[PDB]
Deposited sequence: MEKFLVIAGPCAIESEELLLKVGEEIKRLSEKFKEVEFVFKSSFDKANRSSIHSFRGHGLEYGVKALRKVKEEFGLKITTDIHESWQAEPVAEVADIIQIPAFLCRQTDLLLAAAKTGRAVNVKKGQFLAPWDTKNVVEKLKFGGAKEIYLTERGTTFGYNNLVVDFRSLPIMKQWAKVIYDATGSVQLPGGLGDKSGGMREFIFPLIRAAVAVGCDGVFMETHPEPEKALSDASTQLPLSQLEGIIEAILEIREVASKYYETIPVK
């Protein structure tokens, strides 16, 4: 079924995770046609500044995510940054996320695949759509069976990302495709006003799921404060994309 990956960018506390998980659970019960996956990072390992918020560590993060899966029965996904993190994260993560800058790091991909979990690779801002075929091949070689590729924009001049929707049908040739609605509008080194319009475009074109970072109060977020979707707006957007998908799906081109 259609996938909706959502949650706060970073694990600011398992308190926040529980408050967001509660809403994700409610939507999960309301939209039985959709498969929800809770997401949050235990570490922002690639912040621009050395003085920015990274997180509370792997152990604290896995614990918090563990509480979300136990308390709400929701699937989990988080990203890893170095090979050794794949094993401990796989304990709770149903889907292991590979950061965009690291989409070409062979050992990280292999380490994720070895865990037997599903793998979701964020497409690097430097990669062409067709370049992702090799990424999928590495994962298959590593034993991965459930593979996703996430569109999150491509480098367009400096401090700007553009979404080339031609990427969706191209990547669908070798993997399930996810559209990152919040990451695609960020200005590297973003505009929330474009999150909804572009996600509508994503489902009109055709994808297997959407990815959205959401926070009760984005402006207070410790990471991605300018792009995280306010929690209260999630339901409306999901209902909207489901309706558009229902009508547009008749026209999705065959593989």
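*Asks:* Map the modelled residues onto the deposited sequence and report the uncovered stretches in sequence order.
*Replies:* In the chain as deposited, 1 to 2, 192 to 198, 265 to 267 carry no coordinates.
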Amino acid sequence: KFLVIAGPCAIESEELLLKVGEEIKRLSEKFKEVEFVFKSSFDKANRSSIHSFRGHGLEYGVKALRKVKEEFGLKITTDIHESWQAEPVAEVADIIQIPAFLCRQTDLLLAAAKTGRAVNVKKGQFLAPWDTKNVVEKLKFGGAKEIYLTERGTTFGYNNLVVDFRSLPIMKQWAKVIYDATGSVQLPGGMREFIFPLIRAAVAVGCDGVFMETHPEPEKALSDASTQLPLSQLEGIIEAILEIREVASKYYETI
From here on, numbers count along this sequence of modelled residues.
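*Asks:* Which is higher on average in the deposited entry, the C-alpha temperature factors of 25 to 33 or of 207 to 215?
*Replies:* Comparing 25 to 33 with 207 to 215, the higher mean C-alpha B-factor belongs to 25 to 33.
*Asks:* Regarding 152 to 160 and 104 to 112, which shows the higher C-alpha temperature factor on average in the entry?
*Replies:* Going by the record's values, the stretch with the higher mean is 104 to 112.
*Asks:* Which one, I199, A45, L222, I50, has the peak C-alpha temperature factor per the PDB entry?
*Replies:* Most elevated C-alpha B-factor of the set, per the entry: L222.
*Asks:* Specify which of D79, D131, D180, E87 carries the largest Cα B factor in the deposited PDB entry.
*Replies:* When the deposited C-alpha B-factors of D79, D131, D180, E87 are compared, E87 is largest.
*Asks:* Thinking about Cα B factors across the chain, which third does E14 belong to?
*Replies:* Answer is highest: the recorded C-alpha B-factor places it there.
*Asks:* Once the chain's modelled residues are ordered by C-alpha B factor and cut into thirds, is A248 in the lowest, middle or highest one?
*Replies:* It belongs to the lowest third of the chain when residues are ordered by C-alpha B-factor.
*Asks:* When the deposited Cα B-factors of this chain's modelled residues are ordered and cut into thirds, is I195 in the lowest, the middle or the highest one?
*Replies:* Tercile = lowest for this residue's CA B-factor.
*Asks:* Determine, from the deposited record, the chain-internal third of the Cα B-factor for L234: lowest, middle or highest.
*Replies:* It belongs to the middle third of the chain when residues are ordered by C-alpha B-factor.
*Asks:* Of the three thirds of its chain by CA temperature factor, lowest, middle or highest, which one includes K145?
*Replies:* Ranked within chain, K145 CA B lands in the highest tercile.
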